[PDB]
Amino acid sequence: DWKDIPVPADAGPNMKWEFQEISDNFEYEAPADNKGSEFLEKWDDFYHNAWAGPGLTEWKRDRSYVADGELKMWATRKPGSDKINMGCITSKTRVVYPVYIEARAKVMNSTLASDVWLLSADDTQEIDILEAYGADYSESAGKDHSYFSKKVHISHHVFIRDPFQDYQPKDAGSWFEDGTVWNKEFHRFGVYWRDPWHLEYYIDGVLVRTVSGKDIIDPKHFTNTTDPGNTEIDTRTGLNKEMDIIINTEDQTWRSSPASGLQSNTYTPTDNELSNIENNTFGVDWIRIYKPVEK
């Protein structure tokens, strides 16, 4: 049972993990165009503002649904356009450290991103639990896509919005690779957001990455309460803000319009690829959230 599975992070001395009721194993029916009350008590079937998404993405309420024990989400071409309509849902309740959040999900066999992530209300702080481009092959680029099919991006962002700036860790360990082709099975992707300066990523119950300390979380001081981006002044906040849980798929600009201009580095679904619906359906069996509490 999903609640029998141990949480792999360490709750602390004389602490245990307490299941949060905002968790969801999607064992109800929620038709795409009429979600119903069970879905809507925990989830909104859009992004947390009216932005319809990055690159060719045009998020739609009716591109998410739940059936057969899973949250499901699929992609179709927007008629008369290059855009792709796609699913996006957001939690109605926010989460904050310390918290362990884990999704059992099956990365799409698609060049589109399959995402489970966290985002603060003011869009300045982000934790990416799963961001993965799972296709075996890409017709757009005309190449084997196993460079990406075997990788899971595990990361976090801090932003300045006024003029837009974006930081994330870029070291090699931010892309986890086993030999596992992620699209073949459901896997568990989790994060222990322990405090503003410490993140631990777990895949299938195993610690795969620790992101700890100021130098890697916010070296450019984008989280300064006073004068963001100024490293002479330290009023850094770290990842402190409560966050919405977001599950979506995305066409991202660096993929559909790559900086190089080359078709060979352009990874986005052709119409032929979109005609296979299962390949472009992201499935989440469950998402569970625990908080550490005193024994």
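The first residue of the sequence shown is number 1, and the count goes up from there.
- As the entry records it, the average C-alpha temperature factor is higher for 15-23, out of 15-23 and 279-287.
- Legend: mean Cα B-factor per stretch from the PDB entry, 133-141 versus 73-81; the higher mean is in 73-81.
- If you compare the C-alpha temperature factors of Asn248, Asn34, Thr237, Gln252 in the entry, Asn34 comes out highest.
- Of the candidates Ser146, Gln125, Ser155, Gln165, it is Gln165 whose Cα B-factor is highest according to the PDB record.
- Split the chain's modelled residues into thirds by C-alpha temperature factor. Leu207 is in the middle one.
- The PDB entry assigns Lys241 a C-alpha temperature factor belonging to the lowest third of its chain's modelled residues.
- Residue-level temperature factors show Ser114 in the lowest third of its chain, judged at the C-alpha atom.
- Among all modelled residues in this chain, the alpha-carbon of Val191 has a temperature factor (C-alpha) in the lowest third.
- Sort the modelled residues of the chain by CA B factor and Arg94 lands in the middle third.
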